[PDB]
Amino acid sequence: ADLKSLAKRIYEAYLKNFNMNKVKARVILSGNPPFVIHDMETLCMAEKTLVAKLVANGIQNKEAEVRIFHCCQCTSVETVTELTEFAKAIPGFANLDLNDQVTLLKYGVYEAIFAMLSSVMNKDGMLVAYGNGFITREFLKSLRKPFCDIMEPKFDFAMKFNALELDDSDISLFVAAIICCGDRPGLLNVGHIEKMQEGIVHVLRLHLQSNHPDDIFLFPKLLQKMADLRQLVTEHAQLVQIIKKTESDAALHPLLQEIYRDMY
Ligand SMILES: CCCCCC#CCC#CCC#CCC#CCCCC(=O)O
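Residues numbered from 1 in each chain as written, not as in the entry; some residues may be left out. Heavy atoms only, no water. Residues with missing side-chain atoms left out of burial classes, pairs and counts.

- This entry lists X-ray crystallography as its structure determination method and reports a resolution of 1.950 Å.

- The name that the PDB entry assigns to the protein is Peroxisome proliferator-activated receptor alpha, with the source organism given as Homo sapiens.
- This structure appears in the PDB under the title "X-ray structure of human PPARalpha ligand binding domain-5,8,11,14-eicosatetraynoic Acid (ETYA) co-crystals obtained by delipidation and cross-seeding".
- In UniProt, the protein has this text filed under Sequence similarities: "Belongs to the nuclear hormone receptor family. NR1 subfamily." (UniProt positions renumbered as here; feature names shortened; annotations may be inferred.)

What follows is the structure, encoded as structure tokens:
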């Protein structure tokens, strides 16, 4: 009935459940300041401070590229936990069957992750380790294949996404819409999910109209970004499969393995 109140509920749930938001990220990115990781020396320095356990194995430590990939996985795993609690604020989600809830999150989490990753990215690098590290885009590109191909497509998406100049009130509803997709494979009650999707997308459309009167096409632009994210995730899963088969040391967190299993 009152779509403005619903938009605010989602926004407040977004601020409460995600450790990073765009406002907090910009404060850090503008200038315990973040340690800058721009080469192997500064990577090893940062690890010894921020993730000492990971490099406390002496000569048995993993290769630098594998340690980085492992840190990315940890971030993903944490964002999954945050996304699962955020989903409860979406009208109708908690009323869905448990199996449908799992399915929606299975296919949505990485689309949501790459969307929200844009908030901690600029053209030179990205915030990591809960805002305490900044790793340069060029360093990540300098890694040996195939690890240098992980983040660059995400930077490419983020640069265009950030040019839309969304704020957290927009992003929170966008992430909600990502989760409420009625065309996910294997859904039980597609009808109820489609109605849930229609409701949240209705809220998103009205919010964008009020919050961005200067950009009349912003809503269709974001619909297209949702399609772009789906393709970005499919391509990411393909890369993860190559790493799994060709990099014996690059262990995949079990929760993420289940997410990728039978996805695409
Ligand atoms: C001392 C800390 C050093 C940080 C090193 C670093 C780094 C780079 C980074 C980072 C943040 C992130 C993320 C989510 C993701 C993803 C896709 C890949 C994983 C997955 O497939 O889940």
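Right, picking up where we left off after that structure.
### As for the overall build of the protein
Thinking step 1. Of regular secondary structure, the protein possesses 11 helices and four strands.
Thinking step 2. Whereas a compact globule of 264 residues would reach a radius of gyration of roughly 18 Å, the protein reaches 19 Å, a difference of no more than 12%. (Helix = DSSP H or I, 4+ residues; strand = E, 2+ residues; numbered from the N terminus. Rg over C-alpha atoms; globule rule 2.2 N^0.38 Å.)

### A look at the sheet that holds strand β3 (residues 125-128)
Thinking step 1. With respect to topology, four strands assemble into an open sheet ordered β1-β4-β3-β2, the strand pairing being mixed. Looking at which strands have only one partner, the edges of the open sheet turn out to be β1 (35-37) and β2 (121-122).
Thinking step 2. Looking at chain direction, β3 and strand β4 (residues 133-136) are connected through four bridges and run antiparallel. Bridged to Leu127 within β4 is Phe134. (Pairing = 2+ DSSP bridges.)

### A look at the site of the ligand
Thinking step 1. Taken together, 19 residues form the shell around the ligand, and within it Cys72, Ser76, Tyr110, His236 and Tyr260 come nearest.
Thinking step 2. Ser76 is positioned with one of its side-chain polar atoms (N or O) 2.8 Å from an oxygen atom of the ligand.
Thinking step 3. Relative to its unbound accessible area of 640 Å², the ligand is 98% covered by the protein chains.
Thinking step 4. For the shell around the ligand, the secondary structure elements donating two or more residues are α3 (40-50), α4 (64-86), β3 and α11 (254-260).
Thinking step 5. With six residues, α4 is the largest single contributor of residues to the shell around the ligand.
Thinking step 6. When the residues that make up the shell around the ligand are grouped by side-chain class, the tally is 14 nonpolar, four polar and one charged. (Near = heavy atom within 4 Å. Polar contact = N/O pair within 3.5 Å; in protein donor to acceptor, adjacent residues only side chain to side chain. Areas by Shrake-Rupley, 256 points an atom, 1.4 Å probe, with all protein chains shown as cover. Nonpolar A, V, L, I, M, F, W, Y, C, P; charged D, E, K, R; others polar.)

### With respect to the packing of helix α1 (residues 3-17) against helix α9 (residues 190-211)
Helix-helix packing: each pair is described by the crossing angle between the helix axes and the interaxial distance.
Thinking step 1. Packing of α1 against α9 leaves a shortest axis separation of 10 Å and a crossing angle of 95°. Classified by the interaxial angle, the pair formed by α1 and α9 is roughly perpendicular. Contacts from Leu3, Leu6 and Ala7 of α1 reach α9 at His202, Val203, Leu206 and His207.
Thinking step 2. Taken together, the residues of the contact of α1 with α9 sort by class into five nonpolar, two polar and no charged. (Axes fitted to C-alpha atoms, helices over the stretch in contact; angles between N-to-C directions. Parallel < 35°, antiparallel > 145°, perpendicular 65-115°, else oblique. Contact = heavy atoms within 4.5 Å.)

### Some thoughts on the pairing of β4
Thinking step 1. Of the two faces of β4, both are covered, the one formed by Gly133 and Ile135 as well as the one formed by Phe134 and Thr136.
Thinking step 2. Where β3 hands over to β4, the hairpin turn is made up of four residues, of which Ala129 adopts a positive phi near 55°. (Buried < 20%, exposed > 50% of the residue type's maximum accessible area, 1.4 Å probe, protein only.)

### Structural notes on the UniProt feature "binding site: indeglitazar" in the protein
Thinking step 1. The residues that UniProt annotates with the feature "binding site: indeglitazar" are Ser76, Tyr110 and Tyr260. Separation in sequence by 185 residues is not matched in space for these annotated residues, since their most distant C-alpha atoms are only 12.3 Å apart. Restricting the annotated residues to those that line the largest pocket leaves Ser76, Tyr110 and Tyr260.
Thinking step 2. Turning to its location among the elements, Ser76 is positioned in helix α4.
Thinking step 3. The buried category is assigned to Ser76, whose relative accessible area is 11%. (1 Å grid on protein atoms, 1.4 Å probe; cavity = no way out; pocket = protein on both sides within 12 Å on 5 of 7 lines; lining within 4 Å.)

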